[PDB]
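Backbone-built Cβ (ideal geometry, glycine too); neighbour counts: all protein chains shown. Any read-out appearing in this document is the output of simple, stated calculations on the displayed coordinates, not a laboratory observation.
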Amino acid sequence: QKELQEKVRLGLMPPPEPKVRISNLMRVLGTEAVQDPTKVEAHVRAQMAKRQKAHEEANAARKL
Amino acid sequence: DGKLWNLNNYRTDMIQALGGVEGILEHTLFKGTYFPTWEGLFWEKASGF
Amino acid sequence: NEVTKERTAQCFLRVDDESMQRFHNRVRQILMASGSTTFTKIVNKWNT
Amino acid sequence: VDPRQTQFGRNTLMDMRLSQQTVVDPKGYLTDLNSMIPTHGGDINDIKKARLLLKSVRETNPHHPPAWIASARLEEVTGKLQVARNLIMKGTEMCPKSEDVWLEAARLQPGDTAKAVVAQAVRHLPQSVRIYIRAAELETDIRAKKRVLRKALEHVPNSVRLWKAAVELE
Amino acid sequence: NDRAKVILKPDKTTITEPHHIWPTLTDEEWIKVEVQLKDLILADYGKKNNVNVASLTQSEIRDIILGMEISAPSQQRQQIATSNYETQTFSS
Amino acid sequence: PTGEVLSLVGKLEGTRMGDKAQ
Amino acid sequence: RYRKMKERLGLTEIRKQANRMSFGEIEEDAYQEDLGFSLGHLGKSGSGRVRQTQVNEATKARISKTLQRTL
Amino acid sequence: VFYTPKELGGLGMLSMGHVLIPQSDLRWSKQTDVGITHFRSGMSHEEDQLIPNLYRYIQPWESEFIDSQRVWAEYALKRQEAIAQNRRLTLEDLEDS
Amino acid sequence: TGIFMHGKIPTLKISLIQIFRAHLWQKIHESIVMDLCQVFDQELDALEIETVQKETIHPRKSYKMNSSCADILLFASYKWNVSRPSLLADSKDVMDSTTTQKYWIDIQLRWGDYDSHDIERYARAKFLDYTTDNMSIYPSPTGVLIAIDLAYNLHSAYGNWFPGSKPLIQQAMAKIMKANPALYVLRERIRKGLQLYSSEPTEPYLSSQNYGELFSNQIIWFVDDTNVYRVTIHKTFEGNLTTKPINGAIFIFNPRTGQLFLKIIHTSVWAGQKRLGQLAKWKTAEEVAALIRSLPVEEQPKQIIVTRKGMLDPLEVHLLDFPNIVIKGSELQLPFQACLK
Amino acid sequence: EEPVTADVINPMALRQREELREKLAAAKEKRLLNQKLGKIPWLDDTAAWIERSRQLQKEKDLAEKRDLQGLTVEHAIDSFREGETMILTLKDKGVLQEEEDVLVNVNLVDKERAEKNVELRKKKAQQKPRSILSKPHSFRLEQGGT
RNA sequence: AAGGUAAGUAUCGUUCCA
């Protein structure tokens, strides 16, 4: 965690975007989600799919 | 055994002797607030801050 | 006198020195415990 | 107070909606039972506004018996039972076809006056009414109970409850 | 109603059976139609209140969509904000 | 006139406890 | 965590209704053992909601983790 | 300022002293649209007003005890009859007690 | 400010410094001046008033109580038969004292005590003590001093009047007392210093800020009642506008499932009902309570939002048997009246 | 000076008098209803009871063989168009408030609010500006149109 | 006799004094 935070403070990777779910959809992005709700839910579902894909292909890479 | 005393008559007579709502509110800053009448008011015993 | 229903005695009532001293001490400890208490709190304690 | 206890020891509503390619899903209109005296009560704050509401409505919707019934419940809860009696006796002529109103009037009227109400309800509802048994145990004498059952046996004697009450009568 | 309908039928087909109500579109056409409806709502607000839509930031865009809009009828009640406390002049 | 409280000793000639409280 | 802190220390409607103390409305002194404890508009005919102010659940008393461990 | 009840801004302080109120504290003026008008409280020329003392607002123990005996006798007579008449009591009967 | 302290009451000193901040004093004096300047501008021809002048004076004249000076001055188009010095409630001045061109008015403010809250005596006393003065500068012997008591919201005026001036001052002051931005903000500050409010009870209002917490796992009912009583009105091109009542529809929308319960409101229910607004108010409440009693307990709504504030009241009576159901009003002009279109 | 005569108001006295008046009204109503409702052989005959039951059973055998409106519309006549139909809803009014009914259209009302806001931003018979706050434009509607 | 000093930033005058 400290190594990651130091790297982000350097800026080698972007600052971690807040992990958001369906329950957090209107808590985090709701004000920006009123104008284009379907785009915002598509973006949060894309983030969910990216997290799940990272997990699944991490398992696949670790697969024997 | 319930409360063994009553103060409704005592407060009634205190208001009567003090001059009533206007006889007491004349001493206060009520007229400065300029409410049309003293009904429909509540005291905020605690400020939110 | 319940057997005869006649006024036969007379009970003079009084508040003893202990109760007066206790009430005075209560008022004293109300007053001394007023470093920051509101006027309403002091008067509520007094009425009680 | 419990007569065995000594010093040392709600808003009814007739309507009812049934659930269940067509978007239109109409539902049947169901009428409900009557409401008796509930153990739960007094869940009201700021009475001086609620009484005003019920007052306004008892002329705004004078043909809604549960308005009068809720007024009775509210005024009986807050220590004004006599005015509740008066208001129920006033409103019973506005919805005289409702069993619940007459039942509330019977339960909110003491002594012989209660009889005067229950002997009057049958005048408006003489066909297959539970009010007959309310008269039956509202009075005192078994002979009067027999007469009440016979009157029930004289006006719509098709009630199994009426027959059961009258059969086991001397 | 009318321009809203025209936006709601971007395709000439615009299939709508009596089983459902709104036109049958998939996700991306929903994106496009929602963007169009947002633009329509901001355009109507700008026409009504004579303010360019771009200046309306996202917060007041949400306020407009939901039903928030404020006015300033008590504009002279700003007193809470060589001393200029009698310099103000009277104009007939 | 003054706000100081006067002892009602000797002020009880014509008053009772239950009077003016029914 | 901050949301739960704001919920625990937030003004429950029954609490906020008790702070309001009406005006020019004498009330019988409740709680004989200690007067100056008036509920104000809570249960008062002056103003407030027609329905009774329902009790909240976030303010329910709770025991500590170590004390529950002792239990 | 002291003996005014709590919701009227005062402290609602109870008293048992002979507290006189000067007749300069019972006068109030209101400005109607036509013009200012003034009022007193003792509008007939009478004695000086006096704060009511708690002494006159608490029933003596003697009266309370004799009334307790009488009232409980009334309640007993009003309950044993209710047994025979078969009804529960009510606020209407016991309001007088 | 002009408030006088008969003793150092530090809490009162702090309170009055807080109340009269932002130079409310000088600002309140100027606000009283200019809007009182305005009323004479409208009725200047009707009173032979050539011009009205608000001369630039010392900014601290508002609370300079020792001396005084004129601030509003009327230059007359022709000579006026000025009346004697008299109070604002007087009606006996036969208006024959003298003749003048210049006519000043002085406005002085006061925060009166309890004993000394006689505003008219204040006004006359310092009219006499400012005209019979060697330090006060009044351009003409004629004039009237107007006294304002803020602590008791009293107003009086004593001095010289020209024909029609006194009733005009009466009406203008009656209006200025009931409405003035400076006096209104002073009243608001006094109210928030005592924390004494009129009505404005606290309820959870659906608004743009707490709009997020709506999206929760608890089912909510949006009771919309705008479309209950409605008449199709249309003004034909040539014929007179004509109306025809039509049916209404209650909205019991549920964001969780979308099931918009809708009770069609026949025109026959309004069989010449005099008070139709209240009938429409409790007809929706009847159906919403019926529907609540209809749904099973797990499907019973735990929160009912309402579009129009009038509907907040009836539900609480028809929801009197459901104390656990929170009925929240909405400040949000939430578009459900158009759902019927 | 001389203080004029006027009663003193006492919230306890007012409340107690109101309650006592209500109790007297209830007493009068109960006394009236006692008169209203107080004006109302075969009692214990079982054989005659059976006979009456038999005759009741046999009796069935013997009997076997909207233009009208006076509402007001809070709008101007000019606010309506021609050659088109408009829907007219009802304005929000409290149940306790006994003001007259007001029918308005939400779209025209919103347009009026928008133009009022525009005009009030554009500004940035005795004392009228402050009288309009201390003190709308509608028409009586009768016989289906004025 | 009190328990009643708001703390400040400015130019200007004066005066002793270094």
Using the Kirkwood formula over every pair of different C-alpha atoms, what hydrodynamic radius in Å results for chain H?
18.8
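Hey, got a sec? Which chymotrypsin sites (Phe, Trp or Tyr not before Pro) in segment G:3-71 land in a DSSP loop and have at most 14 other Cβ atoms within 10 Å? Intermediate values should be presented prior to the final figure.
Values: sites: G:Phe23, G:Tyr31, G:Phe37; in loops: G:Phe23, G:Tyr31, G:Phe37.
Listed in order of number, the matching sites are G:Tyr31, G:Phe37.
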Could you work out how far helix B:8-18 tilts from the main Cα principal axis of chain B, as a 0 to 90 degree angle to the nearest 10?
50
DSSP-loop GluC sites (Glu not before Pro) across segment H:9-66, with at most 13 other Cβ within 10 angstrom:
H:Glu46, H:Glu47
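Over 24 Å between Cα atoms, which of E:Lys5/I:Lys302; D:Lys55/J:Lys23; D:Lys90/J:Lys93; B:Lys45/J:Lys23 qualify?
The answer is E:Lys5/I:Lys302; D:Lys90/J:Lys93; B:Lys45/J:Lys23.
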Expressed in nanometres to one decimal, the distance between label points 7 Å along Cα→Cβ at H:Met43 and H:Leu89 is 4.5
About its Cα centre, what dipole magnitude does the protein assembly as shown give when the only charges are +1 on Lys and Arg Cβ and -1 on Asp and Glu Cβ, stated in debye to the nearest 20?
3000
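Identify the trypsin sites (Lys or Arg not before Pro) of segment D:55-100 meeting these criteria: DSSP loop state and at most 12 other C-beta atoms within 10 Å of the C-beta.
On the way: sites: D:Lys55, D:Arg58, D:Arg73, D:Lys80, D:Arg85, D:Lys90, D:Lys97; in loops: D:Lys80, D:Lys97.
Here the trypsin sites (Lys or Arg not before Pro) that fit, given the DSSP loop and packing criteria, are D:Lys97.
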What is the sum of charges around I:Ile246, taking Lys and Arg as +1, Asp and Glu as -1, for the other residues whose C-beta is under 14 Å from the C-beta of I:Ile246?
+3
Dipole check, segment I:1-143, charges on Cβ (K,R +1; D,E -1), about Cα centroid: among I:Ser140, I:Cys69, I:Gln18 the Cα furthest to the positive pole belongs to I:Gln18
Under a straight-distance cross-link criterion of Cα-Cα below 20 Å, which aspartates and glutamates are reachable from I:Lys175, leaving out those fewer than 8 residues away in the same chain?
H:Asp33, I:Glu30, I:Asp35, I:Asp41, I:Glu43, I:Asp90, I:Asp106, I:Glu120, I:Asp149, I:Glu188
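Would you please report the Å³ per residue occupied by the convex hull of the alpha carbon atoms in segment E:1-66?
Details: hull volume 7.4 nm³, N = 66.
Hull volume over Cα atoms, normalised by residue count, gives 112 Å³.
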Around H:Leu20, which amide H atoms from residues at least 5 apart in sequence, or from another chain, sit under 5 Å from its own amide H, with H modelled in the peptide plane?
F:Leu6
For segment D:157-162, 3J(HN,Hα) per residue [Karplus equation, 6.51 cos²θ - 1.76 cosθ + 1.60, θ = phi - 60°, Hz, x = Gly/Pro]:
x, 9, 8, 5, 5, 4
Project the alpha carbons of segment D:25-103 onto their principal axes and report the range along each, largest first, in whole Å.
43, 27, 25
Kirkwood estimate for chain B, i.e. one over the average of 1/r between Cα atoms, Å
13.6
Just give me a number: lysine pairs in chain G, eight or more positions apart or cross-chain, with C-alpha atoms less than 22 Å apart.
8
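Quick check on the exposure proxy: order I:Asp115, E:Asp2, I:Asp106 from fewest to most C-beta atoms within 10 angstrom.
Working: I:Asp115 9, E:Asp2 6, I:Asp106 25.
Ordered from fewest to most neighbouring Cβ atoms within 10 Å, I:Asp115, E:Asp2, I:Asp106 come out as E:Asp2, I:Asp115, I:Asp106.
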Less than 17 Å apart at the alpha-carbon level, and either on another chain or at least 8 residues along: which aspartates and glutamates does that give for H:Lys78?
D:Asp2, H:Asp67, H:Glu92, H:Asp93, H:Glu95, H:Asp96
For peptide I:309-317, the mean count of other chain Cβ atoms within 10 Å per residue Cβ is 6
If the cut-off is 13 Å between C-alpha atoms, which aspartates and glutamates fall inside it for A:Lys39, apart from same-chain ones fewer than 8 positions away?
E:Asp27, E:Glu28, E:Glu29, E:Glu34
Give the average, rounded to an integer, of partner chain Cβ atoms located within 10 angstrom of each Cβ in D:28-39.
1
Using only the alpha carbons of chain A, determine the length spanned along each of the three principal axes and report them from longest to shortest in whole angstroms.
43, 34, 17
Using a Debye calculation, one point per C-alpha and no hydration shell, please list log10 I(q)/I(0) for the protein assembly as shown at q = 0.05, 0.09 Å⁻¹ in order.
-0.52, -1.40
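Just add up the charged neighbours of D:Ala67: K/R +1, D/E -1, any other residue whose Cβ is under 13 Å from the Cβ of D:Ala67. Could the numbers behind the result be given before it?
Numbers: positive: D:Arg10, D:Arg51, D:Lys55, D:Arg58, D:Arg73, D:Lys90, I:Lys283; negative: D:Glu59, D:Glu75, D:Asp100, D:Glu104, I:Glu286.
Neighbour charge sum, excluding D:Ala67 itself: +2.
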Shape verdict for segment D:86-170, please, from the Cα gyration tensor: rounded (a/c under 1.5), prolate (a/b greater than b/c) or oblate.
oblate
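Find the Cα radius of gyration of segment I:47-183, compare it with 2.2 N^0.38 Å by division, and give the number to two decimals. If you can, show how the numbers build up before the last one.
Working: Rg = 14.5 Å, N = 137, 2.2 N^0.38 = 14.3 Å.
Normalised by 2.2 N^0.38 Å, the Cα Rg of segment I:47-183 equals 1.01.
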Count, for each residue of I:169-179, the Cβ atoms from other chains sitting within 10 Å of its Cβ, then give me the mean as a whole number.
4
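Let me know the Kirkwood hydrodynamic radius for segment J:95-136, please, with Cα pairs as the basis and the value in Å to one decimal. Write out the running numbers ahead of the final one.
Values: mean 1/r = 0.0753 Å⁻¹.
Computed over segment J:95-136, the radius equals 13.3 Å.
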What does the charge dipole of chain E about its Cα centre add up to, to the nearest 20 debye, if the Cβ of each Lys and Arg holds +1 and the Cβ of each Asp and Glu holds -1?
280
Distance in nm between label sites at E:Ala72 and D:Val24, each 7 Å beyond Cα in the beta-carbon direction?
5.3
Sequence-distant or interchain residues sharing an amide H contact under 5 Å with I:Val326, placed H: which?
I:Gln303, I:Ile304
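With n ≥ 4 as the cut-off for DSSP H runs, can you work out [θ] at 222 nm for the protein assembly as shown, using -39500 (n - 2.57) per run divided by the number of residues, rounded to the nearest 500? List each step's numbers first, then the result.
Details: 36 runs with 432 residues, N = 1100.
Helix-only estimate at 222 nm: -12000 deg cm²/dmol.
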Take the alpha carbon atoms of segment I:132-218, find their radius of gyration, then divide it by 2.2 N^0.38 Å using N residues; give the quotient.
1.96
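Suppose we take every Cα in chain I and form the convex hull; what volume per residue is that in Å³?
Details: hull volume 89.0 nm³, N = 341.
Per residue, the Cα convex hull of chain I comes to 261 Å³.
On alpha-carbon atoms, Rg over Rh for chain D using Kirkwood Rh? Before the final figure, lay out each step's value.
Working: Rg = 19.0 Å, Rh = 18.2 Å.
Rg divided by Rh gives 1.04.
Using square roots of five times the C-alpha gyration tensor eigenvalues, list the equivalent-ellipsoid semi-axes of segment G:12-71 in whole Å, biggest first. Can you show the working numbers first?
Working: eigenvalues 200, 52, 13 Å².
Equivalent ellipsoid semi-axes, largest first: 32, 16, 8 Å.
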I'd like the Karplus ³J(HN,Hα) series for segment C:17-30: coefficients 6.51, -1.76, 1.60, θ = phi - 60°, whole numbers in Hz, and an x wherever there's a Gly or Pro.
4, 4, 5, 4, 5, 4, 5, 4, 5, 5, 5, 4, 7, 5
